Amino acid sequence: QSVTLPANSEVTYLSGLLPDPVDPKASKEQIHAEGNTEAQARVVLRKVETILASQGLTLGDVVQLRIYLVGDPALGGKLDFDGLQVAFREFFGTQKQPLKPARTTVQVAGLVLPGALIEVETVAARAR
Amino acid sequence: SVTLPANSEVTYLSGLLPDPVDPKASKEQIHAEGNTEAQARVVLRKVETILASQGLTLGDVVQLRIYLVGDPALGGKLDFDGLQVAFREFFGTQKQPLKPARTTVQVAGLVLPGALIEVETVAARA
Amino acid sequence: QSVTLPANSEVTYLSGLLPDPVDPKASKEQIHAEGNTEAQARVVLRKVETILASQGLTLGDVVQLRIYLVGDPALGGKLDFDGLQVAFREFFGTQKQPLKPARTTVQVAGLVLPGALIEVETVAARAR
């Protein structure tokens with residue numbers, strides 16, 4: 001629905017995050033990601049957690065999540081939203097972390113990393 | 001461009017979709033219908049209503065991001081004019097003349113089949 | 001990586017910026033932009049520079065850059081990330097302007113200006 005930031009909030013913007021290449025040491029021309037949308041989303045949400053934690057922030061501090069999916073051929077070229085929702089539910093609305101941010105999921109035509117099916121963009125804010 | 005004073009209270013909405021043509025139909029048949037003008041009218045009303053339930057109006061909007069899909073009924077063509085027909089009913093009006101920061105891009109699809117528009121909103125009251 | 005704003009920040013939101021059409025007075029049916037991604041990104045990033053300067057802001061004040069690319073027909077419909085990077089680096093991470101904002105680059109299906117290969121959306125803030 002909606003999230004409201006107090007005027008005393010400290011706001012942190014992340015770059016869009018992609019899954020890790022299977023070999024981060026591969027050449028610029030063979031660097032690529034593997035896995036289906038659910039697997040890749042799980043990797044990317046963990047990266048968000050890790051980056052946020054290194055700032056003293058938690059997944060409960062997320063105020064806005066923008067998720068860009070690439071269509072999966074097995075799904076008629078459509079975005080794999082069900083795969084995404086599985087991973088997303090492991091990280092948000094659970095008991096370790098109950099909160100859910102404002103979010104948006106759209107199907108894009110492509111991402112910069114070959115084989116990547118998901119990129120996530122994050123805004124977090126710690127009230128004060 | 002819009003500049004927020006440092007005393008602003010800022011609100012983020014989730015992306016908003018039009019309503020399915022049959023919300024009780026099965027999981028694979030859920031879908032939206034209508035052209036861009038009609039679907040934009042449903043979505044902008046949801047934005048209006050959600051904002052009102054928080055004490056905010058369309059004048060409080062600072063950033064509108066609009067994702068359009070090509071219209072299947074027109075062979076996948078982008079119906080930007082339809083969007084602008086609906087959009088003008090809500091913004092740049094006389095009750096509230098101001099214009100928010102906005103972005104309109106054509107995405108490949110939305111999570112609701114047949115949906116041609118999603119709107120993402122940022123609002124702030126001093 | 002990440003950019004975090006103190007709660008003293010004044011935040012500025014720009015509309016998405018497109019490259020200029022090759023004939024701004026051409027018909028609604030022939031209006032179109034030209035050039036490859038690197039050329040257009042250089043035009044679009046300049047509009048960001050110019051608009052910020054007119055607001056008392058600099059490119060170092062940019063906190064978030066969202067870049068939407070259209071696939072280049074000359075690239076089989078692939079996004080021209082290398083062209084984008086050439087242009088982007090003339091503007092961010094230089095020696096006069098060292099800062100780099102949180103950014104996201106994704107490939108969309110289309111933009112509202114035919115022939116446009118890039119739109120850039122900007123959020124800026126000067127701390128106080």
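Naming: A, B, ... by sequence-line order, numbering from 1 per chain. Computed from heavy atoms alone, side chains included, the values below leave out hydrogens, waters and symmetry copies.
- Using a cutoff of 4.0 Å between basic side-chain nitrogens and carboxylate oxygens, A:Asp61 and A:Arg126 are scored as salt-bridged.
- A heavy-atom distance below 4.5 Å is found between the side chains of B:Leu116 and B:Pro72.
- Under the 4.5 Å side-chain criterion, counting only non-hydrogen atoms from C-beta, C:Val106 is in contact with A:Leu111.
- Cluster membership for B:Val43 and B:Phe90, using ILVMFWY side-chain heavy atoms within less than 4.5 angstrom, is shared.
- Annotation: side chain to side chain donor-acceptor pair (under 3.5 Å) contacts of C:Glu34 (sequence neighbours excluded): C:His32.
- No chain of hydrophobic side-chain contacts below 4.5 Å, direct or via other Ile, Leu, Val, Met, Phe, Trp or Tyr residues, connects A:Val120 to A:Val123.
- Checked against side chain to side chain contact (heavy atoms under 4.5 Å, CB included), A:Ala102 has the following partners two or more places apart in sequence or in another chain: A:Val3, B:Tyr12, B:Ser14.
- The closest side-chain heavy-atom distance from B:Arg88 to B:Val85 is below 4.5 Å.
- In this structure, CZ in A:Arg103 is found 13.5 Å from OG1 in A:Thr122, a value given to the nearest 0.5 Å.
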Distance-only check: which donor-acceptor pairs under 3.5 Å involve side-chain atoms of residues 65-72 of chain A, not counting sequence neighbours?
| unit_1 | atom_1 | unit_2 | atom_2 | d |
| --- | --- | --- | --- | --- |
| A:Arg66 | NH1 | A:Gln64 | OE1 | 2.7 |
| A:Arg66 | NH1 | B:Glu120 | OE1 | 3.4 |
| A:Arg66 | NH1 | B:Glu120 | OE2 | 2.3 |
| A:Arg66 | NH2 | A:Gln64 | OE1 | 3.1 |
| A:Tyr68 | OH | A:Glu121 | OE1 | 3.0 |
| A:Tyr68 | OH | C:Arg66 | NE | 3.4 |
| A:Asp72 | OD1 | A:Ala74 | N | 3.1 |

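- For A:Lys47, the side chain to side chain donor-acceptor pair (under 3.5 Å) test picks out A:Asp20, with sequence neighbours left out.
- Both C:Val62 and C:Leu17 belong to a common hydrophobic cluster when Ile, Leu, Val, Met, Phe, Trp and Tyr are linked at side-chain heavy-atom distances under 4.5 angstrom.
- In A:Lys78, the NZ atom is not crowded: 12 or fewer heavy atoms of neighbouring residues, nucleotides or ligands sit closer than 6.0 Å.
- Every residue two or more places apart in sequence or in another chain that forms a side chain to side chain contact (heavy atoms under 4.5 Å, CB included) with C:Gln107 is listed here: A:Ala109, C:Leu79.
- By the side chain to side chain contact (heavy atoms under 4.5 Å, CB included) test, A:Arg128 pairs with A:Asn8, sequence neighbours left out.
- Closest of all the heavy-atom pairs between B:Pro20 and B:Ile30 is CB-CG2, 3.8 Å.
- Placement of A:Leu45 and A:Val63 in two distinct hydrophobic clusters is found when ILVMFWY residues are connected by side-chain heavy-atom separations under 4.5 Å, directly or transitively.
- Looking at residues two or more places apart in sequence or on another chain, you find no side chain to side chain donor-acceptor pair (under 3.5 Å) involving A:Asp80.
- For the pair C:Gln85/A:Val112, no side-chain contact is recorded, criterion being any heavy-atom separation below 4.5 Å from C-beta on.
- B:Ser8 contributes no side-chain N or O that, together with a main-chain N or O of B:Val10, makes up a donor-acceptor pair within less than 3.5 Å.
- A pairwise comparison of heavy atoms in C:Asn36 and C:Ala39 identifies OD1-N, 2.9 Å as the closest pair.
- Applying the side chain to side chain donor-acceptor pair (under 3.5 Å) test to B:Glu89 and every residue at least two apart in sequence or in another chain returns B:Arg41.
- The hydrophobic cluster containing C:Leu84 does not contain A:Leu18, counting ILVMFWY residues as joined when their side-chain heavy atoms lie under 4.5 angstrom apart, directly or transitively.
- The shortest heavy-atom contact between A:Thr104 and B:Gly15 is OG1-N, 3.0 Å.
- Annotation: ring pair (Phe, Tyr, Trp, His ring centres under 6.0 Å) contacts of C:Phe92 (sequence neighbours excluded): C:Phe88.
- Here C:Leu99 pairs with C:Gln97 under the side chain to side chain contact (heavy atoms under 4.5 Å, CB included) rule; sequence neighbours left out.
- In plain terms, the two heavy atoms of C:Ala41 and C:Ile118 that are nearest each other are CB-CD1, 3.6 Å.
- In this structure, the separation between OG1 on B:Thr93 and NZ on B:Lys95 is 8.5 Å, given to the nearest 0.5 Å.
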task = Determine, step by step, whether A:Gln30 and A:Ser27 satisfy the side chain to side chain donor-acceptor pair (under 3.5 Å) criterion, reporting the C-alpha distance in whole Å, the side-chain angles of both residues, the deciding distance to 0.1 Å, and the verdict.
result = CA-CA 5 Å; A:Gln30 296 295 304; A:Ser27 170; over 6 Å; no

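- For C:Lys25, there are no salt bridge (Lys or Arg N to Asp or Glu O under 4.0 Å) partners two or more places apart in sequence or in a different chain.
- Nearest heavy atoms, B:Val2 versus B:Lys99: CG2-O, 4.2 Å.
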Could you list the donor-acceptor pairs under 3.5 angstrom formed between side-chain atoms of residues 47-56 of chain B and any protein atom two or more places apart in sequence or on another chain?
| unit_1 | atom_1 | unit_2 | atom_2 | d |
| --- | --- | --- | --- | --- |
| B:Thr49 | OG1 | B:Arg45 | O | 2.6 |
| B:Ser53 | OG | B:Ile50 | O | 2.8 |

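- In terms of heavy-atom proximity, C:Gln40 sits nearest to C:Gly115 at NE2-O, 3.1 Å.
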